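Structure data (CSV, C-alpha atoms and all ligand atoms) from upload_19.csv:
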```csv
chain,number,residue,atom,x,y,z
F,2,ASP,CA,7.3,55.7,3.4
F,3,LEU,CA,6.8,56.1,7.1
F,4,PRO,CA,4.4,53.8,8.9
F,5,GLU,CA,1.4,55.2,10.8
F,6,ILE,CA,0.9,54.5,14.5
F,7,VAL,CA,-1.9,51.8,14.8
F,8,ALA,CA,-4.9,52.6,17.0
F,9,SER,CA,-6.6,50.5,19.7
F,10,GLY,CA,-8.9,47.9,18.2
F,11,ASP,CA,-6.3,46.8,15.6
F,12,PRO,CA,-5.6,43.1,16.5
F,13,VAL,CA,-1.8,43.5,16.0
F,14,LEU,CA,-1.9,45.5,19.3
F,15,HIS,CA,-3.8,42.9,21.3
F,16,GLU,CA,-1.9,39.7,20.4
F,17,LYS,CA,1.5,38.4,21.4
F,18,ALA,CA,4.3,39.6,19.0
F,19,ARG,CA,6.9,37.0,17.9
F,20,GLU,CA,10.6,37.0,18.5
F,21,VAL,CA,13.2,38.2,16.0
F,22,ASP,CA,15.5,35.4,15.0
F,23,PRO,CA,18.7,36.8,16.6
F,24,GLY,CA,20.7,35.9,13.5
F,25,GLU,CA,18.5,38.3,11.6
F,26,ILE,CA,18.8,41.4,13.8
F,27,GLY,CA,21.5,43.2,11.6
F,28,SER,CA,19.7,42.7,8.2
F,29,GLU,CA,18.7,45.8,6.3
F,30,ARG,CA,15.1,44.6,7.0
F,31,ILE,CA,15.1,44.7,10.8
F,32,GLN,CA,17.3,47.8,10.7
F,33,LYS,CA,14.6,49.5,8.7
F,34,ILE,CA,11.8,48.6,11.0
F,35,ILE,CA,14.0,49.9,13.8
F,36,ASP,CA,14.8,53.2,12.1
F,37,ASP,CA,11.1,53.6,11.3
F,38,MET,CA,10.3,53.2,15.1
F,39,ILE,CA,12.9,55.7,16.0
F,40,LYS,CA,11.4,58.3,13.4
F,41,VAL,CA,7.7,57.7,14.3
F,42,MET,CA,8.8,58.2,18.1
F,43,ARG,CA,10.6,61.4,17.4
F,44,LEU,CA,7.8,62.7,15.2
F,45,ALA,CA,5.0,62.1,17.8
F,46,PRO,CA,7.0,63.0,20.1
F,47,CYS,CA,7.0,60.4,22.7
F,48,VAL,CA,9.4,58.6,25.0
F,49,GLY,CA,8.8,54.9,23.9
F,50,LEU,CA,7.3,52.9,21.0
F,51,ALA,CA,6.8,49.1,20.4
F,52,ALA,CA,6.9,47.3,17.0
F,53,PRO,CA,3.1,46.3,17.2
F,54,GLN,CA,2.2,50.1,17.2
F,55,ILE,CA,3.6,50.5,13.6
F,56,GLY,CA,1.9,47.3,12.5
F,57,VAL,CA,5.0,45.0,12.8
F,58,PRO,CA,4.2,41.8,14.8
F,59,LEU,CA,7.8,41.5,16.3
F,60,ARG,CA,9.5,41.7,19.8
F,61,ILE,CA,11.2,45.1,19.4
F,62,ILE,CA,11.1,48.2,21.6
F,63,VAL,CA,12.7,51.7,21.4
F,64,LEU,CA,12.8,54.4,24.0
F,65,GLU,CA,14.4,57.9,24.7
F,66,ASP,CA,13.7,60.7,27.1
F,67,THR,CA,15.4,63.9,26.4
F,68,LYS,CA,16.4,66.9,28.5
F,69,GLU,CA,14.2,69.0,26.3
F,70,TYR,CA,10.9,67.0,26.8
F,71,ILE,CA,11.6,66.8,30.5
F,72,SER,CA,12.1,70.6,30.9
F,73,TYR,CA,8.3,70.9,30.2
F,74,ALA,CA,7.1,69.0,33.2
F,75,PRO,CA,6.7,70.7,36.6
F,76,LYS,CA,10.2,70.4,38.3
F,77,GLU,CA,8.6,68.8,41.4
F,78,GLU,CA,6.8,66.1,39.4
F,79,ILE,CA,10.1,65.3,37.6
F,80,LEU,CA,11.4,64.7,41.2
F,81,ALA,CA,8.5,62.5,42.3
F,82,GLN,CA,8.5,60.4,39.1
F,83,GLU,CA,12.3,60.1,39.2
F,84,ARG,CA,12.3,61.1,35.5
F,85,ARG,CA,15.8,61.4,34.1
F,86,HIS,CA,17.1,61.6,30.6
F,87,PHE,CA,18.6,58.6,28.8
F,88,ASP,CA,20.0,58.1,25.3
F,89,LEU,CA,18.1,56.3,22.6
F,90,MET,CA,17.7,52.6,23.6
F,91,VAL,CA,16.8,49.8,21.2
F,92,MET,CA,16.0,46.3,22.5
F,93,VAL,CA,15.2,43.2,20.5
F,94,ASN,CA,13.4,40.3,22.3
F,95,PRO,CA,13.4,42.2,25.7
F,96,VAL,CA,12.7,40.1,28.7
F,97,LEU,CA,11.5,42.2,31.7
F,98,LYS,CA,11.9,41.3,35.4
F,99,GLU,CA,11.4,43.5,38.5
F,100,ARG,CA,14.3,43.9,41.0
F,101,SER,CA,12.0,44.3,44.1
F,102,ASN,CA,8.4,44.5,45.0
F,103,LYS,CA,8.4,48.4,45.1
F,104,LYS,CA,5.8,50.0,43.0
F,105,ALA,CA,5.0,53.6,42.0
F,106,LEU,CA,1.7,55.2,40.7
F,107,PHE,CA,1.5,58.0,38.1
F,108,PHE,CA,-0.3,58.9,34.9
F,109,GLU,CA,0.6,57.3,31.5
F,110,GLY,CA,-0.6,57.7,28.0
F,111,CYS,CA,-0.1,55.7,24.9
F,112,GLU,CA,0.0,56.7,21.2
F,113,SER,CA,-2.5,54.0,20.4
F,114,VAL,CA,-5.1,55.5,22.8
F,115,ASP,CA,-5.0,59.1,21.7
F,116,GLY,CA,-6.2,61.9,24.0
F,117,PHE,CA,-6.4,60.0,27.3
F,118,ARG,CA,-4.5,59.3,30.5
F,119,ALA,CA,-4.8,57.0,33.5
F,120,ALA,CA,-2.8,56.2,36.6
F,121,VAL,CA,-1.0,53.0,36.4
F,122,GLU,CA,1.0,51.2,39.0
F,123,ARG,CA,4.5,50.1,37.9
F,124,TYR,CA,7.5,48.4,39.4
F,125,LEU,CA,9.9,51.1,40.4
F,126,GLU,CA,13.0,48.8,39.6
F,127,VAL,CA,13.5,46.5,36.6
F,128,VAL,CA,16.0,44.4,34.7
F,129,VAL,CA,15.6,43.8,30.9
F,130,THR,CA,17.9,41.3,29.2
F,131,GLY,CA,17.8,41.2,25.3
F,132,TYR,CA,19.7,42.3,22.2
F,133,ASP,CA,20.7,45.7,21.1
F,134,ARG,CA,20.4,46.8,17.5
F,135,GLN,CA,23.5,45.0,16.3
F,136,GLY,CA,22.5,41.6,17.6
F,137,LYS,CA,24.7,41.9,20.8
F,138,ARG,CA,23.4,40.5,24.1
F,139,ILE,CA,22.8,43.2,26.7
F,140,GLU,CA,21.1,43.6,30.1
F,141,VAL,CA,19.7,46.9,31.4
F,142,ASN,CA,18.9,47.8,34.9
F,143,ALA,CA,16.3,50.7,35.1
F,144,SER,CA,14.4,52.6,37.8
F,145,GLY,CA,12.0,55.4,38.1
F,146,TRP,CA,10.4,56.6,34.8
F,147,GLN,CA,12.8,54.7,32.6
F,148,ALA,CA,11.6,51.4,34.3
F,149,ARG,CA,8.0,52.6,33.6
F,150,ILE,CA,8.5,53.1,29.9
F,151,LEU,CA,10.3,49.7,29.8
F,152,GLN,CA,7.2,48.0,31.3
F,153,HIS,CA,4.8,50.0,29.0
F,154,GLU,CA,6.6,49.0,25.8
F,155,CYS,CA,7.3,45.4,27.0
F,156,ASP,CA,3.6,45.1,27.8
F,157,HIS,CA,2.7,45.8,24.1
F,158,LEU,CA,4.7,42.8,22.9
F,159,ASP,CA,2.4,40.5,24.9
F,160,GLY,CA,-0.6,42.3,23.6
F,161,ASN,CA,-1.3,44.3,26.8
F,162,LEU,CA,-2.3,48.0,26.9
F,163,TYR,CA,-2.5,50.1,30.1
F,164,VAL,CA,-6.3,50.7,29.9
F,165,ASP,CA,-6.5,47.1,31.0
F,166,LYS,CA,-4.2,47.7,34.0
F,167,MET,CA,-5.2,51.2,35.2
F,168,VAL,CA,-6.6,52.2,38.7
F,169,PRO,CA,-10.4,52.6,38.6
F,170,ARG,CA,-11.8,56.2,38.3
F,171,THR,CA,-8.5,57.8,37.0
F,172,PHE,CA,-9.0,57.4,33.3
F,173,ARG,CA,-9.3,61.0,31.9
F,174,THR,CA,-9.0,63.2,28.8
F,175,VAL,CA,-5.6,64.9,28.4
F,176,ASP,CA,-7.4,68.1,29.3
F,177,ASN,CA,-8.7,66.8,32.6
F,178,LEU,CA,-5.2,65.6,33.4
F,179,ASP,CA,-4.7,67.9,36.5
F,180,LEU,CA,-8.2,67.5,38.0
F,181,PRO,CA,-8.4,66.1,41.5
F,182,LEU,CA,-8.6,62.4,42.1
F,183,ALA,CA,-12.0,61.1,43.4
F,184,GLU,CA,-12.3,59.7,47.0
F,185,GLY,CA,-10.8,56.2,47.5
F,186,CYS,CA,-8.5,56.6,44.6
F,187,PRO,CA,-4.9,55.9,45.9
F,188,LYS,CA,-2.5,58.9,46.0
F,189,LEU,CA,0.1,59.2,43.1
F,190,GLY,CA,3.7,58.5,44.3
F,191,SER,CA,5.8,55.5,45.4
F,192,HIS,CA,7.0,53.1,48.3
F,193,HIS,CA,9.7,54.4,50.9
A,201,ZN,ZN,2.0,52.4,24.4
```

Have the structure of the file written as structure tokens, please.
Ligand SMILES: [Zn+2]
Amino acid sequence: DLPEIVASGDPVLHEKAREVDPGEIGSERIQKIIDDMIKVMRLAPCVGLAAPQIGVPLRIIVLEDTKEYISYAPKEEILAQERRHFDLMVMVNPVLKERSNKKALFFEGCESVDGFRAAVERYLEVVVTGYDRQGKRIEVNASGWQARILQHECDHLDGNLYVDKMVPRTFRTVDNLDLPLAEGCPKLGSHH
């Protein structure tokens, strides 16, 4: 049976998830939680999911962005966001760190806050150390939209959602997505 995505207000999404014991990573148990994430992500569809969003209070994230999803976005926005496809990534106990003080500002949404968007400022360059799905120690250097999803998913594990880190006056229904920003809202884009 496939778990449901958990909505905002459920305390599992607002409290800090706990680390997987690295000796446990390859058990049928953590493997099932992982496979469940992957399936819930591909069903939605979305580019990223964290374990708290399926009710599991653990430090686990998955992410994928496919050529197919990407060929839906305006070709010029794909270019501003630096949005490039990348194979399915699983990380257990991810620890995120920026590689520089450069930030970008664009719209994100979250499966836990259904129907809405807001502009959120992200580090453009990250590193995430952690474990892959076989208990092996990995590091991942990420920029552009990939680094965005890493930060979004990582945020979940500390009980942080984007509605609590969005630029004022940008929150909006999906349908209002393309409406103009109000005066004194910063422009979407990035640093030189
Ligand atoms: Zn989310």

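Of the listed residues (F:56, F:190, F:49, F:136), F:49 comes nearest to ligand ZN 201 (chain A); the distances count all atoms listed in the file.
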
Next item on the list: Kindly compile the residues surrounding ligand ZN 201 (chain A) within 9 Å, counting all atoms listed in the file, and format them as a count of residues only.
Entry: 17

Next item on the list: Would you please work out which residue, of F:55, F:183, F:166, F:82, is nearest to residue 42 in chain F when using all atoms listed in the file?
Entry: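 Using all atoms listed in the file, residue 42 in chain F sits closest to F:55.
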
Margin query: Report, in Å with one decimal, the straight-line distance from CA of residue 131 in chain F to CA of residue 14 in chain F.
Written below: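 Computing it gives 21.0 Å between the two atoms.
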
Next item on the list: Name the residues in contact with residue 188 in chain F at a cut-off of 12 Å, using all atoms listed in the file, excluding same-chain residues fewer than 6 positions from it; report them as a PyMOL selection string.
Entry: chain F and resi 105-108+120-122+168+171+181-182

Next item on the list: List the neighbours of range 172-178 of chain F out to 7 Å using only C-alpha atoms; skip same-chain residues closer than 3 positions along the sequence, and give me the result as a list in words.
Entry: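 Here the qualifying residues turn out to be residues 116, 117, 118 and 119 of chain F.
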
Note to self: Report, in Å with one decimal, the straight-line distance from CA of residue 57 in chain F to CA of residue 129 in chain F.
What the structure shows: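 A separation of 21.0 Å between them.
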
How would range 100-135 of chain F look with N, CA and C atoms restored, written as a PDB file, in the frame of the given file?
```pdb
ATOM      1  N   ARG F 100      13.216  44.102  40.039  1.00  0.00           N
ATOM      2  CA  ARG F 100      14.300  43.900  41.000  1.00  0.00           C
ATOM      3  C   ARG F 100      13.871  43.915  42.467  1.00  0.00           C
ATOM      4  N   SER F 101      12.602  44.173  42.727  1.00  0.00           N
ATOM      5  CA  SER F 101      12.000  44.300  44.100  1.00  0.00           C
ATOM      6  C   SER F 101      10.521  44.584  43.806  1.00  0.00           C
ATOM      7  N   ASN F 102       9.790  44.469  44.922  1.00  0.00           N
ATOM      8  CA  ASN F 102       8.400  44.500  45.000  1.00  0.00           C
ATOM      9  C   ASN F 102       7.916  45.963  45.254  1.00  0.00           C
ATOM     10  N   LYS F 103       8.810  46.945  45.063  1.00  0.00           N
ATOM     11  CA  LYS F 103       8.400  48.400  45.100  1.00  0.00           C
ATOM     12  C   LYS F 103       7.742  48.865  43.852  1.00  0.00           C
ATOM     13  N   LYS F 104       6.619  49.544  44.062  1.00  0.00           N
ATOM     14  CA  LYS F 104       5.800  50.000  43.000  1.00  0.00           C
ATOM     15  C   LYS F 104       5.635  51.560  43.138  1.00  0.00           C
ATOM     16  N   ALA F 105       5.326  52.190  42.012  1.00  0.00           N
ATOM     17  CA  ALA F 105       5.000  53.600  42.000  1.00  0.00           C
ATOM     18  C   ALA F 105       3.702  53.822  41.130  1.00  0.00           C
ATOM     19  N   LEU F 106       2.958  54.882  41.386  1.00  0.00           N
ATOM     20  CA  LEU F 106       1.700  55.200  40.700  1.00  0.00           C
ATOM     21  C   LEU F 106       1.667  56.602  40.126  1.00  0.00           C
ATOM     22  N   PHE F 107       1.528  56.701  38.818  1.00  0.00           N
ATOM     23  CA  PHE F 107       1.500  58.000  38.100  1.00  0.00           C
ATOM     24  C   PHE F 107       0.741  57.781  36.849  1.00  0.00           C
ATOM     25  N   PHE F 108       0.490  58.899  36.147  1.00  0.00           N
ATOM     26  CA  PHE F 108      -0.300  58.900  34.900  1.00  0.00           C
ATOM     27  C   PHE F 108       0.600  58.536  33.737  1.00  0.00           C
ATOM     28  N   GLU F 109       0.069  57.618  32.901  1.00  0.00           N
ATOM     29  CA  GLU F 109       0.600  57.300  31.500  1.00  0.00           C
ATOM     30  C   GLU F 109      -0.366  57.494  30.422  1.00  0.00           C
ATOM     31  N   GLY F 110       0.159  57.646  29.203  1.00  0.00           N
ATOM     32  CA  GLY F 110      -0.600  57.700  28.000  1.00  0.00           C
ATOM     33  C   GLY F 110       0.085  56.802  26.942  1.00  0.00           C
ATOM     34  N   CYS F 111      -0.578  56.604  25.805  1.00  0.00           N
ATOM     35  CA  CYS F 111      -0.100  55.700  24.900  1.00  0.00           C
ATOM     36  C   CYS F 111      -0.599  56.238  23.557  1.00  0.00           C
ATOM     37  N   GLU F 112       0.260  56.138  22.545  1.00  0.00           N
ATOM     38  CA  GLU F 112       0.000  56.700  21.200  1.00  0.00           C
ATOM     39  C   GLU F 112      -1.130  56.099  20.525  1.00  0.00           C
ATOM     40  N   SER F 113      -1.402  54.843  20.906  1.00  0.00           N
ATOM     41  CA  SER F 113      -2.500  54.000  20.400  1.00  0.00           C
ATOM     42  C   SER F 113      -3.923  54.242  21.065  1.00  0.00           C
ATOM     43  N   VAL F 114      -3.943  55.084  22.100  1.00  0.00           N
ATOM     44  CA  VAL F 114      -5.100  55.500  22.800  1.00  0.00           C
ATOM     45  C   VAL F 114      -4.976  57.065  23.003  1.00  0.00           C
ATOM     46  N   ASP F 115      -5.263  57.739  21.897  1.00  0.00           N
ATOM     47  CA  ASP F 115      -5.000  59.100  21.700  1.00  0.00           C
ATOM     48  C   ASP F 115      -5.920  60.020  22.527  1.00  0.00           C
ATOM     49  N   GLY F 116      -5.377  60.878  23.393  1.00  0.00           N
ATOM     50  CA  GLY F 116      -6.200  61.900  24.000  1.00  0.00           C
ATOM     51  C   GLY F 116      -6.534  61.649  25.493  1.00  0.00           C
ATOM     52  N   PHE F 117      -6.026  60.527  26.012  1.00  0.00           N
ATOM     53  CA  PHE F 117      -6.400  60.000  27.300  1.00  0.00           C
ATOM     54  C   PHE F 117      -5.233  59.720  28.188  1.00  0.00           C
ATOM     55  N   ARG F 118      -5.525  59.695  29.492  1.00  0.00           N
ATOM     56  CA  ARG F 118      -4.500  59.300  30.500  1.00  0.00           C
ATOM     57  C   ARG F 118      -5.191  58.429  31.532  1.00  0.00           C
ATOM     58  N   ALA F 119      -4.361  57.680  32.232  1.00  0.00           N
ATOM     59  CA  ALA F 119      -4.800  57.000  33.500  1.00  0.00           C
ATOM     60  C   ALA F 119      -3.570  56.750  34.349  1.00  0.00           C
ATOM     61  N   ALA F 120      -3.846  56.536  35.636  1.00  0.00           N
ATOM     62  CA  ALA F 120      -2.800  56.200  36.600  1.00  0.00           C
ATOM     63  C   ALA F 120      -2.627  54.745  36.601  1.00  0.00           C
ATOM     64  N   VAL F 121      -1.357  54.366  36.499  1.00  0.00           N
ATOM     65  CA  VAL F 121      -1.000  53.000  36.400  1.00  0.00           C
ATOM     66  C   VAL F 121       0.178  52.746  37.347  1.00  0.00           C
ATOM     67  N   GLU F 122       0.134  51.593  38.028  1.00  0.00           N
ATOM     68  CA  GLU F 122       1.000  51.200  39.000  1.00  0.00           C
ATOM     69  C   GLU F 122       2.112  50.348  38.324  1.00  0.00           C
ATOM     70  N   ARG F 123       3.370  50.696  38.584  1.00  0.00           N
ATOM     71  CA  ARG F 123       4.500  50.100  37.900  1.00  0.00           C
ATOM     72  C   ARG F 123       5.447  49.677  39.001  1.00  0.00           C
ATOM     73  N   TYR F 124       6.237  48.675  38.692  1.00  0.00           N
ATOM     74  CA  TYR F 124       7.500  48.400  39.400  1.00  0.00           C
ATOM     75  C   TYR F 124       8.414  49.628  39.221  1.00  0.00           C
ATOM     76  N   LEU F 125       8.950  50.075  40.328  1.00  0.00           N
ATOM     77  CA  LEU F 125       9.900  51.100  40.400  1.00  0.00           C
ATOM     78  C   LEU F 125      11.322  50.719  39.822  1.00  0.00           C
ATOM     79  N   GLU F 126      11.701  49.462  40.115  1.00  0.00           N
ATOM     80  CA  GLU F 126      13.000  48.800  39.600  1.00  0.00           C
ATOM     81  C   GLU F 126      12.894  47.608  38.708  1.00  0.00           C
ATOM     82  N   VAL F 127      13.436  47.729  37.505  1.00  0.00           N
ATOM     83  CA  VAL F 127      13.500  46.500  36.600  1.00  0.00           C
ATOM     84  C   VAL F 127      14.833  46.066  36.066  1.00  0.00           C
ATOM     85  N   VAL F 128      14.930  44.826  35.585  1.00  0.00           N
ATOM     86  CA  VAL F 128      16.000  44.400  34.700  1.00  0.00           C
ATOM     87  C   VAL F 128      15.380  43.888  33.378  1.00  0.00           C
ATOM     88  N   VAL F 129      15.975  44.300  32.248  1.00  0.00           N
ATOM     89  CA  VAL F 129      15.600  43.800  30.900  1.00  0.00           C
ATOM     90  C   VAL F 129      16.871  43.280  30.247  1.00  0.00           C
ATOM     91  N   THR F 130      16.875  41.978  29.971  1.00  0.00           N
ATOM     92  CA  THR F 130      17.900  41.300  29.200  1.00  0.00           C
ATOM     93  C   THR F 130      17.336  41.321  27.704  1.00  0.00           C
ATOM     94  N   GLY F 131      18.192  41.179  26.707  1.00  0.00           N
ATOM     95  CA  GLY F 131      17.800  41.200  25.300  1.00  0.00           C
ATOM     96  C   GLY F 131      18.959  41.391  24.375  1.00  0.00           C
ATOM     97  N   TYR F 132      18.700  42.051  23.243  1.00  0.00           N
ATOM     98  CA  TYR F 132      19.700  42.300  22.200  1.00  0.00           C
ATOM     99  C   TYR F 132      19.615  43.710  21.861  1.00  0.00           C
ATOM    100  N   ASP F 133      20.727  44.351  21.587  1.00  0.00           N
ATOM    101  CA  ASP F 133      20.700  45.700  21.100  1.00  0.00           C
ATOM    102  C   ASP F 133      20.593  45.646  19.558  1.00  0.00           C
ATOM    103  N   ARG F 134      20.743  46.781  18.886  1.00  0.00           N
ATOM    104  CA  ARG F 134      20.400  46.800  17.500  1.00  0.00           C
ATOM    105  C   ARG F 134      21.426  46.155  16.548  1.00  0.00           C
ATOM    106  N   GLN F 135      22.531  45.679  17.143  1.00  0.00           N
ATOM    107  CA  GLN F 135      23.500  45.000  16.300  1.00  0.00           C
ATOM    108  C   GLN F 135      23.601  43.520  16.600  1.00  0.00           C
TER     109      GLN F 135
END
```
